[PDB]
Amino acid sequence: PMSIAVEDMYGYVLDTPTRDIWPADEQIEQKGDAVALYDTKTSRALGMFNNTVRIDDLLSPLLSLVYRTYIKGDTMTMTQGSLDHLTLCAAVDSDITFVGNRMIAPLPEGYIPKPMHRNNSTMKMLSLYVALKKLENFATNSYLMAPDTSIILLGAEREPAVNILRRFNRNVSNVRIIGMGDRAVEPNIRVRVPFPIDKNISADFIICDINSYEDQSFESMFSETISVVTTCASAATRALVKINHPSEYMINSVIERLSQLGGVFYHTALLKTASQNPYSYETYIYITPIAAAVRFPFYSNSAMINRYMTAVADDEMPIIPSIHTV
Amino acid sequence: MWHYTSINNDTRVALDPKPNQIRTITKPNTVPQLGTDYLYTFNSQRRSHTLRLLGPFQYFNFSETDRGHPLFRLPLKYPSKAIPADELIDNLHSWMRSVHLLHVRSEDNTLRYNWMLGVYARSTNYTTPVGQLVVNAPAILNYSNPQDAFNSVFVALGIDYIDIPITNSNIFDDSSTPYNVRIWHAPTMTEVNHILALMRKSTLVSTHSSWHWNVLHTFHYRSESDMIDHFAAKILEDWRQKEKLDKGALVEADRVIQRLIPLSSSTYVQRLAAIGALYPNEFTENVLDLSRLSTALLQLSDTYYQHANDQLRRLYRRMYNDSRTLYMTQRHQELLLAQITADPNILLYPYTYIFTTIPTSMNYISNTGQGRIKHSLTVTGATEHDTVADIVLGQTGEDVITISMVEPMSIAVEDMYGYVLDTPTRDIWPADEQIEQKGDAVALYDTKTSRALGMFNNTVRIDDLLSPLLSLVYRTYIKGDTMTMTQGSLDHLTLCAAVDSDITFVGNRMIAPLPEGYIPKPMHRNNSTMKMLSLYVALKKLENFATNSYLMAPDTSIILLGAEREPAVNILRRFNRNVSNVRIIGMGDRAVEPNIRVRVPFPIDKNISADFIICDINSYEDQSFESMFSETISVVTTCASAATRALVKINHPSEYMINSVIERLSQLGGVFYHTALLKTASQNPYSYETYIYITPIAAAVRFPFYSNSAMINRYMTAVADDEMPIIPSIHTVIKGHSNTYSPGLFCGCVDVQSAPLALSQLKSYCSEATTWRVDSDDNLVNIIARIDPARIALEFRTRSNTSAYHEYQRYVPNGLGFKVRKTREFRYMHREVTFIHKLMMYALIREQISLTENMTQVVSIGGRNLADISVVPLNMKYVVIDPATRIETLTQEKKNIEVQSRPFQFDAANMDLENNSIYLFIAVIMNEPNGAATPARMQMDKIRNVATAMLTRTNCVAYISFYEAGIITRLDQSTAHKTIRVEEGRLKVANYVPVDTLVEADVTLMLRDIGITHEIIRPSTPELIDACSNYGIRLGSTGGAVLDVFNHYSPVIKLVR
Amino acid sequence: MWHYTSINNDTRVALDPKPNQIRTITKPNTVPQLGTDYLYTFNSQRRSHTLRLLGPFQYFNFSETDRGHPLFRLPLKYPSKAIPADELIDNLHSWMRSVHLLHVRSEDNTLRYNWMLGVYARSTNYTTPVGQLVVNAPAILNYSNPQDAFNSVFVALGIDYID
Amino acid sequence: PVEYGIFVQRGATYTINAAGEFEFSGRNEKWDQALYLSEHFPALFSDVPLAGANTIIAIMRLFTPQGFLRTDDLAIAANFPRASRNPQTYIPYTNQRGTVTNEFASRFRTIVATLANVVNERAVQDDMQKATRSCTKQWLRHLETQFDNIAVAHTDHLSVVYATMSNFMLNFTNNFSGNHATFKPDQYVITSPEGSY
Amino acid sequence: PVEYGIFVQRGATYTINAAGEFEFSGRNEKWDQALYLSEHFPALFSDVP
Amino acid sequence: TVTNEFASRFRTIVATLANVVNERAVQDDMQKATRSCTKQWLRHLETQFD
């Protein structure tokens, strides 16, 4: 089990784009390399690893502990915008309260809140949100969705991810929070991947964690998602999109597309977020309309890409840890 | 990835303690720490204190003696609340430390203990032979070969099987045991083969694929149905780990195939296990509610085979019979092999049948949570519907769903006292103008404004609308939760307005705790109080803007002029209670002391003045103008001279009467006055009532008089002659693809198994239907839809009809919300003012597009998700040129439309010339294609271009909408930063990045110099009620107060050729 | 303005629960939250603790038996001050969860329940004929046509009026 | 009075649902013997926790049986005509061939008390002379101990008789599964295309 | 009760129309033999679904 | 079926009353010999009028 100071738990990394141009010569090689990986499914050994090591259980007892003390009256100091405040909150079902900050309204008589129910995607999404508010201007410790600005959560099977955000942002004027994705239960619209026409949505910062698997076997799967990021992209000022793969090809293709559906390019980054199944080579592209060009975009190596770029597969089975006693 | 990779375990086989220390097991010294020594709770099920024996103790047995000791009396003692942590642990520990498992410790470093068997020898008092075995012969229990363990027992007392009754978790439930496990003394694989072979006798037995201690044991069900609690729990657990194996993730499981073999089942179990093998699911992630977990599962199979699939309908009718067999799946199979390989002694299940990847499927989504499912119906799926009969939703029997009139406000209290100052702008009010205005104004009074609009202010009373939020402030205070105010605080004023009793303080913040066992009676407001209370906030604030001390200065007073006054006046004193001398008074007919009771035409000799006065009276004067105009001109006159700053609710006002007031104060005091039009946040959303703000400025003004005014047009238009209102209905009989439908929601109860189809055909009208089941025994879904006059414009276009259908086929059994507790649905949704606004721009344009000889296509230049759609007849082509529309070309053509996702905005290379076309230019000249902000100077050039462009074409009309400047200064003064605000000369129109704007005049002057015929058209009230009425939408406080200005300022240009 | 514009309702006609779930109505599991499960007070009238049964329960009837159960003894216990929130809810809930309206659940997606009449068949112990009707013949109560509902009852036991 | 009101209030006889939960009925209907075979167990024995009237339910636990159920064994291999998928009978009480007291006499001991304790409340309730509360409690007490001795050999020796009788030749069918609150025999009828079965 | 609700209501006595179609009276008067010789038939025996 | 409502009513009437007779009797300190014999008598018609 994890065992770490809660506060260091919402930390990512921006692999910044560096590749003046993405010539057709390069496109010829990349599409094939990328299609090839999809054709086979990355290393059996590595994949087995992300699933066994779920950033849920892995990082639970620490979180379970935060909740365990609060239930008995021991957490008497927060600060709203505090990361620490957000975490106790994500952890406890009931409505967290306050007074002159710090002092958290003592648990009402002989009653007890039921420790929160997370998906193993919540710490990650919850964390991405921290990354966004923080990405807004870095230097700052007020993680409470500004005054009347909202965001929409795009992850299939949403909430408590979305729910924890409101309890956390509970007092702040108008903050509107929404969550789509198939299998999502109200308060959450339940759309499906290829966004139904006529349905217009926007909201300052959007987070898209959907996309996951499209039988298409590329060409199209590549296209279905290129498409997902397109709406997720235009409709919002700053948003995270979990691009899964990504290869130096598909992730890069996204860059060329936003490149023309709006002349002055864009500014994108690759947010590898602290909490998120240790392995899992899933990377969220960060996209925002910068107002100074960039003259770079496109990628070559990227710390984030190689993670899934290699892992070629053809491993010849995994080495299951044994336990011989002789 | 591919080959599943696990690490089998045989948990129990390795949970039996080593013998030499199978004494400290009962923990004789230390006391059981809840953490890892037991799990426990008490549930809101009134009672239900469950005690879970976590540890090596899980599987235990008790006795007749073990069952005496308190702890089994300790539950039936606190029926009311959770057992006292103390009396529990302390106690439990006593028993814990009592159980003394007979045994004979050893030294061999390999023995273990079998335990379970033993624990059981102890259960009964060592009488049942196996038990009468251990007593004198205790060593019998230690053992090294997990299986020889038992075979020893049998060999000696010679028997076919030992029955191990099997208790249940939660030591607090002496209520029998569902079934029991029988241990079969069958050593070699061949032996068992045949044990269970004959086992196709005896009523109900069932077994697991593999085996603990690797000693074939089987379950015996005490009842046919109890048999189902088990399978269900277990088959369900299978998809639980199976999702992981498919995923490729080390799964240390007791045995690969978790399912369990109905040996002698009986139809129900037959078809239950029947499903089991099929893994009909998608990695839920949620948590399924146990107890009804069975019926949920048993139900799903009925519908699975039911929608079946023909081919796989058989593949399943097959296992329905041949069931004593087991249905692994290639991958599984391959694994069990690694197992047999390791040591050819693993005696796992004989008869079986590999599958062959199973014939495709349906990821039958599910979960038995508690939310209700909000669905967002898709335009066009791919199940090309033939016709299918008109569905009949049942009757919504309130106590499940009640429908009500106006989605309660729900807003942050603090933003509730925000108005707007429409400032005067009209250098002179010439007699020529007076000639026209008096008649226009008299005409409106002669008739009574739009029946549709008036009906709206009354139904939407800013009382109820904004009550529950206010009710909530009061609800917490009564129970000691509001411990921080600040006197001058708006927040302080509101809690106060809300509570009858006298609010108090100390060193601020801390509000004197409610006195002992007493309770204040929640305040009684008129639905005029929040408005008047709010006007007062507007006044103190209007005094100097920048300030948060709303406590009537030191010894300065005000008088309240509103018929039927107080608590309006009363709340002000409780609020201003401590502040030196503040005098508060309230006139108006029907007003009760402490309130003088004058009558409209103020009785002579009665002189009154008081810093700021607020006049909300005036209301109706039979006179029928001339005089009614005069009675009030008169009201404001006294209200006016006698006071330095005061509010007068001028009702009407017309550009005539309101303006007449200006001329009058103009002469009863040379140096004019300074007046403003305060549209206050809280105040019946609609109600075109405006309060003039009047004060004796000391710098002239050289302007006064009005022309358009955001406030005036609200009542200026609304001409009336509406031809009746459109009452929101609630039809509950879904017709198949036929326009007919009248605005209003579909609240209906459709039987399940049909929900898929009803919902599927239902997408043709509304575009987001919410639904739920109450319980798993309610074979009816509940659908709520509210026909959305935009989806219809879109679904119907060029006939056709293909829905996503089968795809929704998946929820059917379970994935359909599930709430259980009265929901509230309002016959009127709420909506962000910005959204209501463009919705409105459309009602002016659609009507227009329906008034121009020949007109072939609508070129919507920069749509986005195609909003413009509901603004075009179901005939013309709709062509969107939008970079990020991303529509499959086919679906694009099915609903006959076209996409040019090719941004431009420049002439010479802009083929507008396609005549008989309408160019809808909403937004666009706002934010660059890159979701940016087209700088105002540049924003102007775009219009210049479409102009030269529209100039060399014909029969085309371009609709361009922009943001004139007046909004900025007006906004900077008004204080209703709801969804506008004004960041450094711009305006974050909701979610949009501020947007520098332009001069209405420069716009007119440039195209004017050019020669293109134009009209700057801005929506009106007729269109507003129309846009809103057929839409279930309502307006919601803040909106009304600010929507008047925004609608007016946010004009439109018709460049018509 | 001019022509009045309303939306008639027939509240009661549409407050009678659907039959197939006219069981969870008594709320057997969860405990009645004061908010929307009853209204209540104690007035400065020295005593006067009024308990208002908000919900589908408004119109009810009780009995001679229903009228035994504490809650009807629970008022005459705190003559001095407002009943203890606890002893009240907790308690009430006991009775609430006791009333067991005889019925025969169905599957038709249009039936309802008439309720009132029934509630009343329960009131007295099923002796007053209308009441002696429902017992063995419970299906009689479900119904689809708001009026046929009753006309059924009459038609069978043949009478001019039921009180 | 109060207990027999919350409780008889909740059905006087239940039947069982499909998912086997217990569905009590509504009326407090009487209960005839001709109604014995047919989904309708007497309700008192349901042995299901009932929030309110709990003293009534507790007094109720006293009735549950002692003995286990042995599966004939011998009569079966012998081939004797049983007809019940898997024969077996229920023996009134385990032969405690161990040591000290019993489990059966020991059970009756706590049964006499819980009950006696109950008789006590009713008696102090109807203010009665201590002369008889006692003489009678004394009487109640004589068979606690008094049936201690009888149950000795009754249970050891009287039981083994059943031990065998459970399996006499013709003496087929399963009489009682052992679980009062839910055991309905197997209904055997001679069907006949011709007349009425 | 439930069934003799819709049945007596369909009509408690009927007659044969010029074309057999049974004309079902909506009343539910008794049935004195006094109209055995009339054109009415007791309704039960209509043997019509 | 079972009991009545009328006999059942008299049953609680005899008690509420009996309970009342009890206070008065313990009040005028009386032998338990008669508190009982008489309460016993009061009791015979509860059942007796059943």
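Structure shown above.
Anyway, here's the lowdown on the structure attached to this text. (Residues numbered from 1 in each chain as written, not as in the entry; some residues may be left out. Chains lettered and ligands numbered in written order. Part of a larger assembly, values for the part shown. Heavy atoms only, no water.)

### As for the overall build of chain F
Each helix and strand in chain F was counted, giving 2 helices and 0 strands. The C-alpha radius of gyration of chain F comes to 13 Å, more than 25% above the 10 Å expected for a compact globule of 50 residues. Viewed in the frame of its principal axes, chain F has a C-alpha envelope of about 45 × 15 × 10 Å. When each of the 50 residues of chain F is scored for burial, the buried share is 16%. Here chain F has roughly 3700 Å² of accessible surface; of this, 57% comes from carbon and sulfur atoms. Across chain F, 7 positive and 6 negative side-chain charges occur, with their mean positions spaced 4 Å apart. (Helix = DSSP H or I, 4+ residues; strand = E, 2+ residues; numbered from the N terminus. Rg over C-alpha atoms; globule rule 2.2 N^0.38 Å. Buried < 20%, exposed > 50% of the residue type's maximum accessible area, 1.4 Å probe, protein only. Areas by Shrake-Rupley, 256 points an atom, 1.4 Å probe, with all protein chains shown as cover. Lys, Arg positive; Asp, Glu negative; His and termini not counted. Charge placed at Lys NZ, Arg CZ, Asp CG, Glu CD.)

### Focus: the interface of chain B and chain A
Every contact between the two is made by 54 residues of chain B and, on the other side, 52 residues of chain A. Between chain B and chain A, a total of about 4700 Å² is buried, with carbon and sulfur atoms accounting for 53% of that surface. The largest share of the area that chain B buries against chain A comes from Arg886(B), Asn930(B) and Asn991(B), three residues that together contribute 15% of it. Scanning the region where chain B abuts chain A turns up 3 salt bridges. In this structure, the salt-bridge partner of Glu807(B) is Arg192(A), at a minimum N-O distance of 2.0 Å. By residue number, the principal contributor to the side of chain B that touches chain A is strand 8 (residues 373–375) of chain B, which donates 3 residues. Among the residues making up the side of chain B that touches chain A, the classes are represented as 24 nonpolar, 18 polar and 12 charged. (Contact = heavy atoms within 4.5 Å. Buried area = accessible area lost by both parts, 1.4 Å probe. Salt bridge = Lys/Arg side-chain N within 4 Å of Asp/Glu carboxyl O. Nonpolar A, V, L, I, M, F, W, Y, C, P; charged D, E, K, R; others polar.)

### Re the packing of helix 1 (residues 6–27) of chain F against helix 2 (residues 32–48) of chain F
Residue and element names in this part refer to chain F. Two elements in contact, helix 1 and helix 2, have axes whose closest approach is 10 Å; the angle formed by their N-to-C orientations is 170°. When the axes of helix 1 and helix 2 are compared, the pair comes out roughly antiparallel. Residue-level inspection shows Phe-10, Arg-11, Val-14, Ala-18, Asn-22, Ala-25 and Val-26 of helix 1 in contact with helix 2, the latter providing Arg-35, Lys-39, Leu-42, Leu-45 and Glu-46. Residue composition of the contact of helix 1 with helix 2, by class: 7 nonpolar, 1 polar and 4 charged. (Axes fitted to C-alpha atoms, helices over the stretch in contact; angles between N-to-C directions. Parallel < 35°, antiparallel > 145°, perpendicular 65-115°, else oblique.)

### Focus: the sheet that holds strand 14 (residues 645–651) of chain B
All names here are of chain B. A sheet is described by the order of its strands in space; here 7 strands give the open sequence 10-15-16-14-13-11-12, paired in mixed fashion. Since the sheet does not close on itself, it has two edges, and those belong to strand 10 (420–422) and strand 12 (584–586), each with one partner. Ignoring which end each strand starts from, the neighbouring axes of this sheet average 25° apart. Contacts from helix 15 (residues 529–542) reach strand 10, strand 11 (558–561), strand 13 (612–615), strand 14, strand 15 (674–679) and strand 16 (689–695), with the element oriented near 150° to strand 13. Together, strand 14, strand 15 and strand 16 form the strand contacts of helix 18 (residues 654–667), whose direction differs from that of strand 16 by roughly 15°. (Pairing = 2+ DSSP bridges.)

### Concerning the state of the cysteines
Inspection of every chain in the model, using the stated rule, returns 2 disulfides over all chains. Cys208(A) shares a disulfide with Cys232(A); S-S distance 2.0 Å. Across the S-S bond of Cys208(A) and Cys232(A) the torsion is about -95°, and the bridge reads as left-handed. Highlighted residues: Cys208(A) in strand 4 (residues 205–208) and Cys232(A) in helix 7 (residues 219–234), separated in sequence by 24 residues. No disulfide involves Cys1028(B); its nearest neighbouring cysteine sulfur is the one of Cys766(B), lying 18 Å away. (Disulfide = S-S within 2.5 Å.)

### Quick look at unusual backbone geometry
Across the junction of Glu566(B) and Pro567(B), the peptide omega takes the value 0°, indicating a cis bond. Assignment of secondary structure puts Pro567(B) in the loop between strand 11 and helix 16 (568–575). Residue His652(B) is joined to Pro653(B) through a cis peptide bond whose omega torsion reads 0°. Tracing the sequence through the fold places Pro653(B) in the loop between strand 14 and helix 18. Although it is not a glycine, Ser280(A) adopts a positive phi angle of roughly 35°. For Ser280(A), the position within the fold is in the loop between strand 6 (267–272) and strand 7 (282–288).

### Examining the side chain of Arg192(A)
For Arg192(A), the position within the fold is in the loop between strand 3 (177–179) and strand 4. Here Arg192(A) is in contact with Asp182(A), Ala804(B), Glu807(B) and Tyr811(B), once residues within four sequence places are set aside.

### Side note on the sheet that holds strand 3 of chain A
All names here are of chain A. Reading across the sheet, the 7 strands line up as 1-6-7-5-4-2-3 and stay open at both edges, with mixed pairing between neighbours. The open sheet is flanked by strand 1 (13–15) and strand 3, the only strands paired with a single partner. Each adjacent strand pair in this sheet contributes to an overall mean axis angle of 25°, direction not counted. Alignment of strand 4 against strand 5 (residues 238–244), held across 4 bridges, turns out to be parallel. Within strand 5, the residue paired with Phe-205 across the bridge is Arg-238. Here helix 7 sits on the sheet in contact with strand 4, strand 5 and strand 7, set at roughly 170° to strand 5.

### Here we look at the pattern of salt bridges
All names here are of chain B. Taken as a whole and judged by the stated rule, the model has 48 salt bridges over all chains. Notably, a salt bridge pairs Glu-689 with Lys-649, separated by 3.3 Å at the nearest N-O pair. A residue pair is termed long-range when its members are at least 10 positions apart, and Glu-689 in strand 16 and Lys-649 in strand 14 qualify at 40 residues. When sorted by exposure, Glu-689 lands in the same class as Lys-649, which is buried.

### Thoughts on the arrangement of the chains
Across the 7 pairs of chains in contact, the largest number of contacts is found between chains A and B. A gap remains between chain B and chain F, which never touch, and the nearest two C-alpha atoms on either side lie 27 Å apart. There is a clear gap between chain E and chain F: no contact, and 21 Å between their nearest C-alpha atoms.

### Some points on the side chain of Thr284(B)
Among the structural elements, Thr284(B) can be located in the loop between helix 7 (268–277) and helix 8 (293–307). By relative accessible area, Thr284(B) is classed as buried at 9%. Of note is the side chain of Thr284(B), whose polar atom sits 3.3 Å from the backbone nitrogen of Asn286(B). If we skip the residues at most four places from it in the chain, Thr284(B) touches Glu157(A), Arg183(A), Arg240(B), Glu243(B), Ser366(B) and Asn367(B). (Polar contact = N/O pair within 3.5 Å; in protein donor to acceptor, adjacent residues only side chain to side chain.)

### Examining the pairing of strand 6 (residues 217–221) of chain B
Residues and elements named next belong to chain B. The buried count for strand 6 comes to 5 of 5 residues, which makes it a mostly enclosed element. Residues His-217, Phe-219 and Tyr-221 point to one face of strand 6 and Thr-218 and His-220 to the other, with burial holding for every one of them. Pairing of strand 4 (residues 179–184) with strand 6 involves 5 bridges; the strand directions are antiparallel. Within strand 6, the residue paired with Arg-182 across the bridge is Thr-218.

### A word on the interface of chain D and chain B
Taken residue by residue, the interface counts 17 residues in chain D and 20 residues in chain B. The largest contributions to the chain D side of the interface with chain B come from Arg85(D), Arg97(D) and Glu103(D), which together make up 42% of the buried area. Across the chain D-chain B interface, the total number found is 1 salt bridge. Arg61(D) serves as the salt-bridge partner of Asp174(B), at 3.1 Å between the closest nitrogen and oxygen. Our count for the chain D to chain B interface comes out at 7 residue pairs in polar contact. The class makeup of the residues in the side of chain D that touches chain B is 4 nonpolar, 8 polar and 5 charged.

### So, the packing of aromatic side chains
In this structure the tally under the stated criterion is 69 aromatic pairs over all chains. Ring geometry for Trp22(A) and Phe298(A): centres 6.1 Å apart, planes at 40°, overall tilted. On the criterion of sequence distance, the pair formed by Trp22(A) in the loop between strand 1 and helix 1 (24–40) and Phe298(A) in the loop between strand 7 and helix 9 (303–309) is long-range, its members being 276 residues apart. As far as burial versus exposure is concerned, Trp22(A) and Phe298(A) are alike and both buried. Measuring from centroid to centroid gives 4.9 Å for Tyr741(B) and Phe746(B), while their planes differ by 85°, and the two rings are edge-to-face. Cluster of aromatic residues (ring-pair linked, three or more members): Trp22(A), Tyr38(A), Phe218(A), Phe222(A), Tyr249(A), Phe265(A) and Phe298(A). In this structure, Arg183(A) packs its charged tip against the face of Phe283(B), placed 5.5 Å from the ring centre. Seen from the ring of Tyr59(B), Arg12(B) lies directly overhead, with NZ or CZ sitting 3.8 Å from the centre. (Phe/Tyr/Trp six-rings, centres within 6.5 Å; stacked < 30°, edge-to-face > 60°. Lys NZ or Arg CZ within 6 Å of the ring centre and 35° of its normal.)

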